[PDB]
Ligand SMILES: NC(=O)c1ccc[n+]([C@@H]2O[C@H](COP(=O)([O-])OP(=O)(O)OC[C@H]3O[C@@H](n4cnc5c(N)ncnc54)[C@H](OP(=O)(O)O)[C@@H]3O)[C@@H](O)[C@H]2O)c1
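Coming up is one lone chain in structure tokens, specifically the form deposited without the named molecule.
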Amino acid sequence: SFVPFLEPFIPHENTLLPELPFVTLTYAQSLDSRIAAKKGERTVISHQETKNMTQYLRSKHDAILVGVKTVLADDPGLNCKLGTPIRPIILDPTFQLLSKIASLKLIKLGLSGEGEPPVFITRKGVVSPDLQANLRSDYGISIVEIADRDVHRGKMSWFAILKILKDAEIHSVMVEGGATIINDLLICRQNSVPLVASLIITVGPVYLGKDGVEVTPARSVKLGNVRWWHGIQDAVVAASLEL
């Protein structure tokens, strides 16, 4: 079972950044470190055993965070199949996904009660106040705004984002991806301390090739407390980021 394997890595209170929730960074990769096949090819990386492990991990987190690309590519449910509630947080600076709200599965689940209503994290002044009110009434959506003070070289501050989630009583968040989010978080440090508490990676035994969606940080990154697991098809590494 992956259950004892994950036990030191699921959220706990041994945190060096108490202002922030417990952050788990997780994704499924090919051997050549792609997280999605090339345009028009069907992405198959993670097998059922690590889909199960992902659901188990969500059952230990208050929220799950993805970006727009993931939502567009996967139309994911972003709920937990074990039945525990988990709050979907969508990072969407210009609230692009407004145009898709009538179609998205995570909106459907939020309306039916099978899931929690999602949070969209946008720049300040993207969604006017009346629209916010109407989207909350019609879809249960919340809009969380990041002030320009928390936007640096065009990028919303992970520290500021994670603070808001903690302030709203989200004490653990599972960040499930987007190549840009993964690359940024792998190197994001607050005074030498990683924002990521646990790194949990599925490796699928397949190559997606040079036109797949690549994950690789801007510099080398060392891991600690490494442990491996493997099932019938997939392998999983769990680790912390080195100081």
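Residue numbers run from 1 along the displayed sequence.
In what follows, reference is made to the form solved in complex with the named molecule, a form of this protein that is not presented.
Specify the contacting stretch among 91-99, 165-173, 108-116, 125-133, defined as having any heavy atom within 4.5 Å of the named molecule in the bound PDB entry.
Single hit among the candidates: 91-99.
Could you check which residue among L57, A197, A63, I181 gets a heavy atom within 4.5 Å of the named molecule in the bound PDB entry?
Partner contact (heavy atom, 4.5 Å) among the options: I181.
Name the single residue among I143, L104, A73, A160 that comes within 4.5 Å of the named molecule in the bound PDB entry, judging by heavy atoms.
In short, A73.
According to a 4.5 angstroms non-hydrogen atom cut-off, is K69 in contact with the named molecule in the bound PDB entry?
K69: contacts the named molecule in the bound PDB entry.
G83 near the named molecule in the bound PDB entry, any heavy atom under 4.5 Å?
Outside the cut-off, so no.
Using a 4.5 angstroms cut-off on non-hydrogen atoms, would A36 count as touching the named molecule in the bound PDB entry?
Yes.
Does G204 make contact with the named molecule in the bound PDB entry, using a 4.5 Å heavy atom cut-off?
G204 lies outside the contact set for the named molecule.
Suppose contact means a heavy atom within 4.5 Å; in the bound PDB entry, does that hold for all of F5, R219 and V236 with the named molecule?
Not one of the three qualifies.
Since the partner is left out here, which residues of 27-59 would have a heavy atom within 4.5 Å of the named molecule in the bound PDB entry?
Result: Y27, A28, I35, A36, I45.
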